[PDB]
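These notes concern the structure reproduced below.
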Ligand SMILES: [Zn+2]
Ligand SMILES: [Zn+2]
Ligand SMILES: [Zn+2]
Ligand SMILES: [Zn+2]
Ligand SMILES: [Zn+2]
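Protein chains in written order, with the authors' numbering: chain A, 256 to 345; chain A', 256 to 345. A prime marks a further copy of an entry chain.
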């Protein structure tokens, strides 16, 4: 992997993996969540490609902010059809 | 797997996988979160064994309740040293 290297380098907040299969909400996802949930975003690693289905791939991001807001932003992503999970829970 | 079969049979709330490596908080975890976060718990699948390290294994549970409370219960588990993630995000 090794996802714990991301946790090691980016300790604060939560690190999440976002998946894009082309079904995600057609809006500016990252700015949308920044503004709505008052979270900061740092891109750690990613691979996204444009396909006929739309943007497809993965993004690992660090979210910073109040705990409740980070949690809400993560469920927000999921509801916007971006599968999201906090790394380090396997 | 197939974790989506759990989502199919238990549609409401969130389905989470909890991991126990023996480092988890030494308290009655499931009742603790039920009471603190006002969530309901249904066990879907699990394999837990007692070892010299303590209780080790996994539990898949359905959490029911208000969205914010479910989210808080999930982070609560993590803080209590039970690695937890919402299934269906791979
Ligand atoms: Zn997707
Ligand atoms: Zn929104
Ligand atoms: Zn996982
Ligand atoms: Zn553990
Ligand atoms: Zn507690």
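A virtual CB, placed ideally from N, CA and C, is assigned to each residue, including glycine.
Going straight from the alpha carbon of residue 343 of chain A' to that of residue 333 of chain A', what length do you get?
C-alpha separation (whole angstroms): 18 Å.
Using a Cβ-Cβ cut-off of 8 Å (strictly less than) and excluding sequence neighbours within five positions of residue 327 of chain A', which residues of its own chain qualify?
Closer than 8 Å at Cβ, skipping near neighbours: 292.
Strictly below 9 Å CB to CB, what residues from chain A' border residue 263 of chain A?
Chain A' residues near residue 263 of chain A: none, gap ~17 Å exceeds 9 Å.
Closer than 9 Å by beta-carbon distance: list the chain A' residues that pair up with residue 344 of chain A, in chain order.
The answer, in chain order, is 272, 274, 333, 338, 339, 340.
Return yes when the C-beta of residue 274 of chain A is under 7 Å from any heavy atom of ligand 6, and no when it is not.
Inclusion of ligand 6 in the displayed structure is not the case, the ligand content consisting of ligand 1, ligand 2, ligand 3, ligand 4 and ligand 5 alone.
Quick one: what does DSSP say residue 296 of chain A' is sitting in, helix, strand or coil?
The answer is strand: DSSP assigns residue 296 of chain A' an E or B state.
Beta strand (DSSP E) containing residue 309 of chain A': first to last residue?
From DSSP, the beta strand (DSSP E) with residue 309 of chain A' extends over 309-319.
Determine whether the Cβ of residue 328 of chain A' lies closer than 8 Å to any Cβ atom of chain A.
Cβ-Cβ to chain A under 8 Å: no for residue 328 of chain A'.
Is the beta carbon of residue 318 of chain A' less than 8 Å from the beta carbon of residue 269 of chain A'?
Cβ distance < 8 Å, so residue 318 of chain A' and residue 269 of chain A' count as in contact.
Residue 322 of chain A' touches chain A at which residues, Cβ-Cβ below 9 Å?
Neighbours of residue 322 of chain A' on chain A, chain order: 327, 330.
Taking buried to mean at least 16 other C-beta atoms within 10 Å of its own C-beta, is residue 260 of chain A buried or exposed?
Its Cβ having fewer than 16 others within 10 Å, residue 260 of chain A is exposed.
Going by the C-beta, is residue 330 of chain A' closer than 7 Å to any heavy atom of ligand 3?
Checking every heavy atom of ligand 3 against the Cβ of residue 330 of chain A', none is found closer than 7 Å.
Starting from residue 274 of chain A, trace the beta strand (DSSP E) in both directions and tell me its first and last residue.
Taken as a continuous stretch (DSSP letters only), the beta strand (DSSP E) holding residue 274 of chain A covers 269-276.
Taking just the CA atoms, how far does residue 276 of chain A sit from residue 306 of chain A?
Their backbone Cα atoms lie some 10 Å apart in a straight line.
Which same chain residues end up closer than 8 Å to residue 289 of chain A when comparing Cβ atoms and leaving out the 5 residues on each side of it in sequence?
If we look at residue 289 of chain A and ignore the five residues flanking it on each side, its Cβ neighbours are 295, 296.
Taking 7 Å as the cut-off, is the beta-carbon of residue 260 of chain A' closer than that to any non-hydrogen atom of ligand 3?
Checking every heavy atom of ligand 3 against the Cβ of residue 260 of chain A', none is found closer than 7 Å.
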